[PDB]
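Here the Cβ positions follow ideal geometry from the backbone for every residue, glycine too, while neighbour counts run over all protein chains shown. Numbers and lists here come from the model and the stated rules, or from a named source; nothing here is a laboratory result.
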């Protein structure tokens, strides 16, 4: 097998700056060979899109800012200038002798100005309550960088048990991330406590951004 | 123009089988080699196999891990591509893709993907719950609302707001898998003068269980 080693696994670049993604191949045997390279861009919920064919030739439709190069085993993808829509994962591929193989993948973080999360808490729905369970949801939207932390507080106490978190892929238009945290208690213990805090620590702020709700406002 | 429309994906029990289809249109199908590729949730792309042209006797080739279990198949006169996968495994859980072999053994056009889940867990409809701000919350020019889709299997679901009319400040978060059940969430942010004033509804769909729920987001009261 021609086994492709991609590097880096991830990098972060500013709008307009240069991005370089490398791909290595082990060499194979027979003179009856003829093997080629190709690069693919894959965005969030989408099939990968062919960018460059045979190492260095450009594809119809993809902008002048994608270029490829390389000799023998070493191959490179260049993105300059980098634009917000380039936030994706990139794969190299080999096409000659079977099997066709893909590289490990390389994720492009678009580096962009620091930005605070817009956070919002939500009490459990009256409907879920009807069936013995209670979920309290917190939204920490449109922040940068990806790094964030959410602390749940039930009255004056910290609560780590039924906490479920979820992150979006970097946004394609602005370059932000969003997170969602769901604390899932039973109805019984939702009812025997009153104060509900969603506490968000992030780079943009020295003190935790706090949203709360008291159970006494239906 | 050139199109590949995929269908067939769904939950299957381990050791079971499934046939995926890939509907082609916009090019002379009978000339091109076709390919399947898989991609497990949160992982890389892996080659499955190729089926060649009429002129190459419909020759087929597979990545070894599926050598004796998978069959790639072709209907020239109707422009259809098939992948029947026998004796399925937990590891076979993935998004599956068909593609057209373009310029240099490269893959020019790709189908949109179809999810195949292999597990013994049972197919379960979701409970769509509203996320309304707490009654005694102060204003801030804009309000955020949401939906919680909890206790469902398998993926996918689709979430839209007002049938598609709100596509702007939407954040539909990837599902997370607790005890053989997925939990999803979706947030919508609107100008605070178009709610409660105006209608905001989330449209959830879970094709596996034939679920079609809508949820108006209501103010909150005693």
Apart from one, (1) under 27 Å from residue B:50 (Cβ atoms); (2) in contact with a strand residue (DSSP E or B) (Cβ under 7 Å, 6 or more places away or on another chain); (3) surrounded by fewer than 20 Cβ atoms within 10 Å (Cβ to Cβ) all hold for residue A:68; the odd one out is (3)
Quick check on residue A:109: is it within 14 Å of the chain's Cα centre (by Cα), surrounded by fewer than 22 Cβ atoms within 10 Å (Cβ to Cβ) and touching a residue at least 24 places away in the same chain (Cβ under 8 Å)?
yes
Does residue A:195 satisfy the criteria of being over 26 Å from residue B:168 (Cα atoms) and either assigned by CATH to the domain that holds residue A:15 or without any contact (Cβ under 8 Å) to a residue 12 or more places away in the chain (or both)?
no
In this structure, does residue A:15 turn out to be in contact with a helix residue (DSSP H, G or I) (Cβ under 7 Å, 6 or more places away or on another chain) and away from chain B (no Cβ under 14 Å)?
yes
Within the group B:160, B:194, B:144, which residue is outside the structural domain of residue B:42 (by CATH), under 28 Å from residue A:196 (Cα atoms) and touching a strand residue (DSSP E or B) at 6+ places or on another chain (Cβ under 6 Å)?
B:144
Could you tell me whether segment A:76-83 includes any residue that is more than 18 Å from the chain's Cα centre (by Cα), without any contact (Cβ under 8 Å) to a residue 60 or more places away in the chain and more than 10 Å from every other protein chain (Cβ to nearest Cβ)?
yes
Cβ contacts < 6 Å: first residue in the same structural domain as residue A:66 (by CATH) and without any contact (Cβ under 8 Å) to a residue 12 or more places away in the chain, restricted to segment A:85-102; second residue part of a strand (DSSP E or B) and surrounded by fewer than 21 Cβ atoms within 10 Å (Cβ to Cβ), any location; separation 6+ or different chain. Result?
A:98/B:61
Considering segment B:189-207, residues that are crowded, with 20+ Cβ neighbours inside 10 Å and under 25 Å from residue B:7 (Cα atoms), and then whichever is farthest from the other protein chains (Cβ to nearest Cβ), we arrive at B:206
What are the residues in segment A:121-145 that are within 14 Å of chain B (Cβ to nearest Cβ) and assigned to a loop (DSSP other than H, G, I, E, B), if any?
A:123, A:124, A:125, A:130, A:131, A:132
With the requirement that a residue be touching a strand residue (DSSP E or B) at 6+ places or on another chain (Cβ under 8 Å) and either assigned to a loop (DSSP other than H, G, I, E, B) or within 13 Å of residue A:108 (Cα to Cα) (or both), what does segment A:24-39 give you?
A:35, A:36
For residue A:209, work out the one condition from (1) free of Cβ contacts under 8 Å to residues at least 40 places away in the same chain; (2) more than 12 Å from every other protein chain (Cβ to nearest Cβ); (3) in contact with a strand residue (DSSP E or B) (Cβ under 9 Å, 6 or more places away or on another chain) it doesn't fulfil.
(1)
Can you find a residue in segment B:97-105 that is out of contact with any strand residue (DSSP E or B) (no Cβ under 7 Å at 6 or more places or on another chain) and surrounded by 15 or more Cβ atoms within 10 Å (Cβ to Cβ)?
yes
Name every residue in segment A:3-23 that is under 14 Å from residue A:90 (Cα atoms) and in a strand (DSSP E or B), in order of residue number.
A:4, A:5, A:6, A:7, A:10, A:11, A:12, A:19, A:20, A:21, A:22, A:23
Are any of the residues in segment A:28-47 at negative phi, surrounded by 13 or more Cβ atoms within 10 Å (Cβ to Cβ) and more than 14 Å from chain B (Cβ to nearest Cβ)?
yes
Tell me yes or no: at least one residue of segment B:171-188 is surrounded by fewer than 16 Cβ atoms within 10 Å (Cβ to Cβ), within 23 Å of residue A:176 (Cα to Cα) and more than 8 Å from chain A (Cβ to nearest Cβ).
no
Hey, among the residues in segment B:120-162 that are part of a loop (DSSP other than H, G, I, E, B) and facing another protein chain (nearest Cβ under 8 Å), which one's nearest to the chain's Cα centre (by Cα)?
B:132
